[PDB]
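Next up: a single chain in structure tokens, the form deposited in one PDB entry.
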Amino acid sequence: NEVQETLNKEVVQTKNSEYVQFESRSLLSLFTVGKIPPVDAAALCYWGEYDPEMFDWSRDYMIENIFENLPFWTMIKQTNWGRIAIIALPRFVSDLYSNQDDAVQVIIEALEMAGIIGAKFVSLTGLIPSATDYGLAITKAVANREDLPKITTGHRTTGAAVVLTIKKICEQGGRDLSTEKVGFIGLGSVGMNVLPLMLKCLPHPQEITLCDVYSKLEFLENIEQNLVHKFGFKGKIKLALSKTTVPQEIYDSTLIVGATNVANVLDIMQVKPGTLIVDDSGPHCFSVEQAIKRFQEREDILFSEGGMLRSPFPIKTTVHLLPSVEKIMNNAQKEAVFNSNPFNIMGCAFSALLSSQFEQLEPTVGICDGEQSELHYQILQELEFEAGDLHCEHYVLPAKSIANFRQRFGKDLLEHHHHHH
């Protein structure tokens, strides 16, 4: 009988706030009949990673019969500067690493759908750049086609969000960046945008530690030369180097900036009392659960996502869940959508909307021109954007706990703890 389903659809509709709206019907269909206006940009995402027991299907069955090897338009972000479509590729993250040619093919199919619904630029979110030669494998295949929207890794806007987060975690921590020992764990695409931008827009730190794998020794040595001769960093520069896990010199840092794609390299239980942690990674370079545990028990650290932006005006999100997956889902999973901060938007996805509104913000393929992120940073300030409030995945750091941290590990107070004697 059909009474439970019509009431369940009444619950999500009568709970649609002014800024979060579920829609049970296909966004693609609604767009084609004229009930959904076109978008100015889009962002591509994947279905995370497959649990054998989150879903009752096999991984191969999901790809073939649930996703049907087709991109799925799942969200719309309505902002004061345009509309962004969120399009899920019919793949998990491990599928994109094991077959790059297939990943490129399904991306191009999604680029064509993105053009139909109006997108002029398309962001590659998450680990998609890492698996597609940072966009280069896609650009080679699009060749001389001009019918498709232009791609972007968005990492210049992501780098701006990380520096905005560095600015915000220091303020809320009651600390000054010029007296921090900043450690960078992994200098990859985003890290190559954060480090130059940080030195141009924020006060220079007292000390900088560059940490990456052994293979990049001379690469870090030349980045060290960039610091002293291009950006004029006059402080101390240490070169940390690790295999599998961070070296024990990174725990001497008071601000840790993570930009690796390898998870759990940083032991959250070994950072000293008072450490600030900004990490743009999915998954994060530390155990989030142990970090929430340590923060709740001791109010010992400040830690946050680095790639999230906060809009000065709220954003209306329209959400269409995959119907066959919506049934297997529970009420607690749906609450995560309704309880999302309507001011927040990821820097990566937002970058595509920025390119469609400002022609001076050119799309990025490959890793290059870290300095250009300054233009992203300045425009985000002109629009009164800041970093997202301190949070990590599902967990928001309560203001009172942040206050307790600020009262005990602020400036002039860090030096009076045991591990800083």
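Numbers for residues come from their place in the sequence shown, where the first is 1. Here, rigid core means the biggest group of C-alpha atoms that superpose within 1.5 Å across both forms.
The discussion below concerns the form deposited in another entry, not included here.
With the core held fixed between the shown form and the other one, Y395 has its Cα displaced by under 2 Å. The two forms, fitted on the rigid core, differ between the shown form and the other one by 2 Å or more at the CA of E49. The two forms, fitted on the rigid core, differ between the shown form and the other one by less than 2 Å at the CA of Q360. Relative to the shown form, the Cα atoms of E53 and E23 move apart by 3 Å or more in that other deposited form.
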